[PDB]
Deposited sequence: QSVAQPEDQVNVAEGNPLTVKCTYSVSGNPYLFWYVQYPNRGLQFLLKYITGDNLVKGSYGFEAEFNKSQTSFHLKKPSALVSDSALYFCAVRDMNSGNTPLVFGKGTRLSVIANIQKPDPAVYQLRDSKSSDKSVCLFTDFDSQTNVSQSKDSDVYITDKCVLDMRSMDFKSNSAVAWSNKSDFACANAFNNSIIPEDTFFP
């Protein structure tokens, strides 16, 4: 009584179809389930397959097709949203098992890459709201073709990219933060590989 999710990570571009694979190994008829786990939350039920129609529909527009011949139950969604970025778990229960708790796979992380249609990379400097001295460097508005690398200097801290969504404007943007208790923004993300057209005020 087991399930297997062959891939650990899956990347899909915002708006495009998504597929999360899962295969099962069962003695009798299988009862399959898919759950999603958003950051710092518990698992949330999406859909399940018990009997009949091999195409099942669930919460948040997700679907899955029970393919016996392939012993698979892949999770699918026509148009992926950035908010669909999470960990996905398929689980199974063998009909010939005897009412046991669900058995889960190792999960698969789904990353939905935001479509930055109006990139405008730039590195700004922000001052502390309580004291002079302290400052941080903000690399923002780059498209998702950009990769933020960690700092070589042990005294320099750089956070990974992070997409924010200003719903009131249907606007989304990436940004990474860098700071050091040592240091200047001009050379903060130097070690990364930043767009040639980055605005450095």
| property | result |
| --- | --- |
| Deposited positions without coordinates, collected into consecutive stretches in sequence order | 183-184 |
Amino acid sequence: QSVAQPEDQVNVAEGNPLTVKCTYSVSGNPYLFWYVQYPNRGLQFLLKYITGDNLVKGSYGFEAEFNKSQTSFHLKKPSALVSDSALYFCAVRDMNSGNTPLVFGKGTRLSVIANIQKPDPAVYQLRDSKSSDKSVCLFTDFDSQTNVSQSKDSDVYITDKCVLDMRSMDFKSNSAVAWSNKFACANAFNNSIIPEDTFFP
From here on, numbers count along this sequence of modelled residues.
| property | result |
| --- | --- |
| Given 92-100 and 72-80, the range whose Cα B-factors average higher in the PDB entry | 92-100 |
| Between the two ranges 58-66 and 139-147, the one averaging a larger CA B factor in the entry | 139-147 |
| Residue of maximum C-alpha B factor among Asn16, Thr19, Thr23, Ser180, per deposited coordinates | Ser180 |
| Where the record places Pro39 (Cα B-factor, split into thirds across the chain) | middle |
| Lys106 - Cα temperature factor, lowest/middle/highest third of chain | lowest |
| Where the record places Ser27 (Cα B-factor, split into thirds across the chain) | highest |
| Cα B factor band for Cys162 (lowest, middle or highest third within the chain) | middle |
| Ranked against its chain, the third holding the CA B-factor of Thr51 | middle |
